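Enquirer: Just to be clear, this is only the beginning of the complex, oriented as in the whole thing:
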Amino acid sequence: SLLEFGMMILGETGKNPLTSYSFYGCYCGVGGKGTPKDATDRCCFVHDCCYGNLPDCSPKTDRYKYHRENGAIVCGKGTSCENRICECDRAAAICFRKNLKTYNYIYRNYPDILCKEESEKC
């Protein structure tokens, strides 16, 4: 669920997701459209796609367990939905971490009106 996702982002990036990953670019936040602005933004696009591919599940609300093994996120053994939701979240948290090096504060609060390109298909 989004509870686990927030904690995973914090744990993997060191950043509060509410201040770094909730109103960023065209995709990191509510209502994604247009072309992702950069690699971080593309992480959000891909995560949206990953959730959209699970119409048989409830990715935002289905709780799951995870832990770490040798510093890395390992999803718990849950239902098939929990497993797939957890892997979406894990991939995104890792993506954010790998792309910290090009994170740009200038894309915070980027207005959706300028996300004006034909929205990328998953």
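Expert: Thanks, I have the structure now. Numbering: from 1, shown residues only, chains lettered A, B, ... in the order given.
Enquirer: Every contact and neighbour count from this point should use C-alpha atoms.
Expert: OK.
Enquirer: buried set for the longest helix along chain A?
Expert: The longest helix of chain A (DSSP state H) is helix A:80-98. The neighbour-count check on helix A:80-98 (16 or more other C-alpha atoms under 10 Å) flags A:81-98 as buried.
Enquirer: wait, is residue A:67 part of a strand?
Expert: Yes - under DSSP: H, G, I helix; E, B strand; the rest coil, residue A:67 sits within a strand.
Enquirer: Can you point out the helix or strand that includes the closest residue to it other than its chain neighbours?
Expert: Once flanking residues are discounted, residue A:67 sits nearest to residue A:74: 5.5 Å by C-alpha to C-alpha, 6 or more residues apart in numbering. Using DSSP states H and E, residue A:74 sits within strand A:72-75.
Enquirer: Tell me the buried residues in that strand?
Expert: Counting neighbours by 16+ other C-alpha under 10 Å, strand A:72-75 gives A:73, A:75 as buried.
Enquirer: shouldn't residue A:16 be in contact with residue A:5?
Expert: No - using C-alpha atoms under 8 Å as the test, residue A:16 is too far from residue A:5 to be in contact (11.5 Å).
Enquirer: which of the two has more neighbours?
Expert: Applying other C-alpha atoms under 10 Å to residue A:16 and residue A:5 shows that residue A:5 carries more neighbours, namely 22 against 14.
Enquirer: Would you mind measuring from the more buried one to residue A:94?
Expert: 11 Å (C-alpha to C-alpha, to the nearest Å).
Enquirer: hey, where'd the helices end up in chain A?
Expert: A:2-13, A:17-20, A:39-52, A:80-98.
Enquirer: Would you mark the buried spots in the shortest one?
Expert: Which is helix A:17-20. Of all the residues in helix A:17-20, those buried under the rule 16+ other C-alpha under 10 Å are A:17, A:20.
Enquirer: following sequence is chain B, place it on the structure:
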Amino acid sequence: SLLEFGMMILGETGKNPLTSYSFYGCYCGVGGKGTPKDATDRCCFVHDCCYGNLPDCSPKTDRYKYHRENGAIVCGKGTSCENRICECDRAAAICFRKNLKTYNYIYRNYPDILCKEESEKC
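Expert: Let me add chain B to what's already shown:
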């Protein structure tokens, strides 16, 4: 949404909600029933009630903003749903903080089969 709720619990208690508040007692976790075991557990019962009183809203998934003023949680100015959802979450995070003094690890992983009393009404 649950993303903000997790961050609020962490910020107010200092504890990871996934390890302290996700499988505790009869109510802190999935599927609440029976009598709350203690004050912390009752926080979870009350939060469940608070969400249940918002059938016109989507408390687990509707994102909202909050910040702090003089160290205390202040909900952002959002829709009426966002405002009410945020206040449910704020009350619960504060409740957990106020009741840290009686938190008991013995109630972690408490089995739902023993939450066997007629479930308390909101």
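Enquirer: With chain B now part of the structure, what is the answer for the buried residues of helix A:17-20?
Expert: Residues A:17-18, A:20 are the ones in helix A:17-20 that count as buried (16 or more other C-alpha atoms under 10 Å in any protein chain shown).
Enquirer: Make JSON lines from those and add distance to residue B:105 to it.
Expert: As requested, these are exported to JSON lines (distance: C-alpha to C-alpha, whole Å):
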{"residue": "A:17", "distance to residue B:105": "28"}
{"residue": "A:18", "distance to residue B:105": "29"}
{"residue": "A:20", "distance to residue B:105": "33"}
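Enquirer: Those residues: which ones sit near chain B?
Expert: Contacts with chain B within those, as defined by C-alpha under 8 Å from any C-alpha of the partner chain: residue A:18.
Enquirer: Among the buried residues of helix A:17-20, which one sits closest to residue B:51?
Expert: residue A:18 (21.2 Å; C-alpha to C-alpha).
Enquirer: can you list the residues of chain A near chain B?
Expert: So far as C-alpha under 8 Å from any C-alpha goes, chain A lies against chain B at A:1-7, A:16, A:18, A:30, A:60-61, A:63, A:65.
Enquirer: farthest pair in these?
Expert: Across the residues of chain A next to chain B, no pair lies farther apart than A:30 and A:65, at 24.9 Å, counting by C-alpha to C-alpha.
Enquirer: These two: which is more packed in?
Expert: residue A:65 (17 against 13; other C-alpha atoms under 10 Å in any protein chain shown).
Enquirer: that older thread, can you give the contact residues for the longest helix of chain A?
Expert: A:1, A:5, A:8-9, A:12-13, A:40, A:43-44, A:46-47, A:50-51, A:54, A:56-59, A:62-64, A:66, A:73, A:75-77 (C-alpha atoms under 8 Å, 6 or more residues apart in numbering or on different chains).
Enquirer: So what's the gap between it and the chain middle?
Expert: 8 Å (C-alpha atoms, centre = their mean, to the nearest Å).
Enquirer: try stretch A:52-59
Expert: Per C-alpha atoms, centre = their mean, the centroid offset for stretch A:52-59 relative to its chain is 15 Å.
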